[PDB]
Amino acid sequence: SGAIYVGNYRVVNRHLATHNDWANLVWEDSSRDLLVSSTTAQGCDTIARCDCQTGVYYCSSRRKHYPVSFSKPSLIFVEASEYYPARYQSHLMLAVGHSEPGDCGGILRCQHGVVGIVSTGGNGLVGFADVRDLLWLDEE
Ligand SMILES: COc1ccccc1[C@H](OC)C(=O)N1CCC[C@H](C(N)=O)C1
Ligand SMILES: [Zn+2]
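The record names X-ray crystallography as the way this model was obtained, at a resolution of 1.150 Å.

Structure follows, in structure tokens:
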């Protein structure tokens, strides 16, 4: 689990969105595994606007932050799961790092700010949904 809190937005994995998220919906995209809802309180996270390919992510199944090198956002095949059928997920970045299903939502960050959240993984891989192209997260 986990979310990004920027401005008056909450960014979560679409597959983990709550009823309150759906009832306060701003934007969602199944092909990216992302959903954004509106918040009453202002958040403290800032979004990175950069070209970094190295950063640090939070792994809840280890209670630890790990440095990683990650691929550029791209269209990657993700196996059928209990949340989606076998499909291509867009704007996904892969790295070598520990992950388990419940690690979705952990933040990936660089020196510029938040880059994305854990969205996929398996066998010593972890995948992150990029948010750096979502420029509107920085405005009302
Ligand atoms: C962090 O997730 C894992 C880590 C290690 C092993 C397995 C997983 C997850 O179960 C397969 C996984 O990759 N997904 C399940 C939830 C929806 C994700 C998606 N964005 O399509 C895919
Ligand atoms: Zn950066």
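Our focus in this paragraph is the overall build of the chain. Along the chain, the regular secondary structure elements total one helix and ten strands. Whereas a compact globule of 140 residues would reach a radius of gyration of roughly 14 Å, the chain reaches 14 Å, a difference of no more than 12%. Oriented by its inertia axes, the alpha-carbon framework of the chain measures out at about 40 × 35 × 30 Å. In the chain, of all internal contacts separated by at least 6 residues, the share reaching a separation of at least 24 is 58%. Averaging the coordinates of the 11 positive side-chain charges in the chain and doing the same for the 15 negative ones gives two points 6 Å apart.

Glancing now at the environment of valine 12. Within the secondary structure, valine 12 sits in strand β1 (residues 4-13). The exposure class of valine 12 is buried, given its relative accessible area of 2%. Along the chain, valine 12 and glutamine 111 lie 99 residues apart, while their C-alpha atoms are 22 Å from each other. Every residue in contact with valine 12, bar those within four places of it in the chain, is listed here: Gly2, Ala3, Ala17, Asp21, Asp33, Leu34, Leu35 and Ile117.

Only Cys50 (SG), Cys52 (SG), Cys110 (SG) and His112 (ND1) from the protein coordinate the zinc ion (ligand 2), and they sit 2.0 to 2.4 Å from it. Mapped onto the sequence, the residues coordinating the zinc ion (ligand 2) show the spacing C-x1-C-x57-C-x1-H. Here the residue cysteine 52 occupies a position in the loop between β3 (34-44) and β4 (54-59), and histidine 112 occupies one in the loop between β8 (107-110) and β9 (113-122), the gap between them amounting to 60 residues.

Taken together, seven strands build an open sheet; the order of strands is β5-β4-β8-β9-β10-β7-β6 and the sheet is antiparallel. The two strands at the open ends of the sheet, each matched to only one other strand, are β5 (64-69) and β6 (74-78). Taken over all neighbouring pairs, the strand axes of this sheet differ in orientation by 50° on average, direction set aside. Across four bridges, β6 lies against strand β7 (residues 87-96) in antiparallel orientation. When the bridges of β7 are listed, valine 78 appears paired with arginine 87.

The rules behind the values
- Residues numbered from 1 in each chain as written, not as in the entry; some residues may be left out.
- Chains lettered and ligands numbered in written order.
- Heavy atoms only, no water.
- Helix = DSSP H or I, 4+ residues; strand = E, 2+ residues; numbered from the N terminus.
- Rg over C-alpha atoms; globule rule 2.2 N^0.38 Å.
- Contact = heavy atoms within 4.5 Å.
- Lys, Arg positive; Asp, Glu negative; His and termini not counted.
- Charge placed at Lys NZ, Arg CZ, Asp CG, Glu CD.
- Buried < 20%, exposed > 50% of the residue type's maximum accessible area, 1.4 Å probe, protein only.
- Donors = N, O, S within 2.8 Å, 3.2 Å for Na, K, Ca; no water.
- Pairing = 2+ DSSP bridges.
- Axes fitted to C-alpha atoms, helices over the stretch in contact; angles between N-to-C directions.

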